[PDB]
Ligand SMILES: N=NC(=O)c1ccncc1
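A lone chain, given as structure tokens: the form deposited without 4-(diazenylcarbonyl)pyridine.
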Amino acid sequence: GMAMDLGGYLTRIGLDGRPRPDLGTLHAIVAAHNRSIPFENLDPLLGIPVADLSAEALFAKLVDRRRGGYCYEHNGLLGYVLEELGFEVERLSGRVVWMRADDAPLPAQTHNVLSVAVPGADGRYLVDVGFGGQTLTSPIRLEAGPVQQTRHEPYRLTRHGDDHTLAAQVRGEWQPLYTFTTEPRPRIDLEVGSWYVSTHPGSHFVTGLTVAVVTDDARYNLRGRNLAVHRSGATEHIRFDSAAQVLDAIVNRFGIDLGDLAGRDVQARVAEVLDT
């Protein structure tokens, strides 16, 4: 009854061979995933729930179909891959606090991240390739306190109780991203969460379009018509005139196959959310 297609995943992210389950490998897989499979919410934007977080489902979409996905799909996929390689992986859930006002109400658990034990290394590592444009680009120690360097900007974990907060030093300013606990979550709990993010009419991922990817030199983030690119020394902002140009970017810049949404009128839906 099947067997995990580890090679097909490695292929999708521009790698080959079979690596040791060690820290170097973890860094390499994260960087390759970052530049290869984009963040995207086309399914929930178009009314297609993200309901099934099985390995079969996630491989079918993100590996076999040249689609990206959102957090549950990204970290879901990478979690399966890492376990197959010999890492030990717990799935964690988190509340997003990025740019939220001070006494804003508690957010829902909408984010899934990984806590990974690496053979030959002490403690555990926070791995997150699913947060979008500002996602972690290296694994970091799941250790509260210290500023940690990454392929890009410094990040830091702090703890108040069992609640951990991840922050990024973004263009000089520390910005909280999300909070989480270290309680391992079963698949079904993640699936309830993904049902919510992918179908609730108030969800950021149902009300507009988000597409992102992160290379060695740049973070790319598209929300509606607005493309923001953060590079060393400069930021670029491209404001697309219409959905036609947005679709061209989806296909041509971000490499997403819209042929897989044939029959749904992607352009007409995109045309509705240019400014949301």
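Don't overthink the numbering: it's just position in the shown sequence, from 1.
The PDB entry records a higher mean C-alpha B factor for 167-175 than for its counterpart among 201-209 and 167-175. When the C-alpha B-factors of 1-9 and 267-275 are averaged, 1-9 comes out higher.
In the PDB entry, the Cα temperature factor peaks, among 100, 91, 95, 74, at 100. The PDB entry assigns its highest CA temperature factor, among 234, 51, 32, 222, to 234. Residue 137: CA B factor in the lowest third of modelled residues in this chain (values from the PDB entry). Annotation for residue 191: CA B-factor lies in the lowest third of the chain's modelled residues. When the modelled residues of the chain are ordered by C-alpha B-factor, residue 184 sits in the middle third. Residue 40 sits in the lowest third of its chain by CA B factor, as recorded in the PDB entry. Annotation for residue 129: CA B-factor lies in the lowest third of the chain's modelled residues.
Omitted here: the form solved in complex with 4-(diazenylcarbonyl)pyridine. The next part is about that form.
When contacts are defined as a non-hydrogen atom within 4.5 Å, none of 30, 89 and 125 contacts 4-(diazenylcarbonyl)pyridine in the entry with it bound. Contact check for residue 96: a non-hydrogen atom falls within 4.5 Å of 4-(diazenylcarbonyl)pyridine in the entry with it bound.
None of the heavy atoms of residue 80 is located within 4.5 Å of 4-(diazenylcarbonyl)pyridine in the entry with it bound.
For residue 110, a non-hydrogen atom is located within 4.5 Å of 4-(diazenylcarbonyl)pyridine in the entry with it bound, even though that partner is not displayed. Using a 4.5 angstroms threshold between heavy atoms, residue 155 stays clear of 4-(diazenylcarbonyl)pyridine in the entry with it bound. The candidate stretches are 245-253, 30-38, 63-71, 226-234, and the one lying within 4.5 Å of 4-(diazenylcarbonyl)pyridine in the entry with it bound by heavy atoms is 63-71.
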